[PDB]
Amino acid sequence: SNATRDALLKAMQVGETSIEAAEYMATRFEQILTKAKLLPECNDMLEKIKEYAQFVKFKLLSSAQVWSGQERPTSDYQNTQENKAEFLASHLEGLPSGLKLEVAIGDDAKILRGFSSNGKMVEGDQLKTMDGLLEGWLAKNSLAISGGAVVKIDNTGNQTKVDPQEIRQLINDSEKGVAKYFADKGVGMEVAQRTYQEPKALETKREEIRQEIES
């Protein structure tokens, strides 16, 4: 049980606590490795730590921002969401700059979303406005988030499965996309689609790093 191993493991654990700690995790790993003269032999561990930090940042942002949209509730789901969004689009003051939406659609239709401002988590009523606008865009395209997945909703409220690549290209569309919907609602923003990462993939990445630390 060498002290460097405990330090690296604590650095990984601390980096998983918050987005700021994840942004600084790779720097801390480099400090520990250089202080132990473990570079350039441990360069691969540092590269994996940087990539893991990016994965952890998106995981923390998506998880912390809890989705409160109507899963099963439908009926007149389209018009009600559109009206709530026409309201959210007047009460737009007090929204930060550099707004970014990170969205991942898996091959199994699983969806993850994160709203960020200049690299910082959007919280509170600001987050409520952004999520309401996203729910409005979803309703306009007859879409809902149920069970952590994107589903198509019929007028009566029937839930059907959706095609992932179709939704991926719909998000980035110039006319029917999220960015256009937000802009027409008075919100300047950037949409950055990222690859969906299932839990087991993140667990494998973490296990790789941990095994290299314990080696």
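We number the residues from 1 along the sequence you see.
Look at the C-alpha B-factors of 30-38 and of 156-164. On average they run higher in 156-164. Looking at 66-74 and 48-56 together, the entry lists the larger mean B-factor for 66-74, computed on C-alpha atoms. Taking the PDB entry at face value, the top CA B factor among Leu61, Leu170, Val151, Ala179 belongs to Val151. In the PDB entry, the Cα temperature factor peaks, among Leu92, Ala109, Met121, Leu112, at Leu92.
The deposited CA B-factor of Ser97 belongs to the lowest third of values across its chain. When the CA B factors of the chain's modelled residues are split into thirds, the value for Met130 lands in the middle one. Among all modelled residues in its chain, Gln81 ranks in the highest third by Cα B-factor. When the CA B factors of the chain's modelled residues are split into thirds, the value for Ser117 lands in the lowest one.
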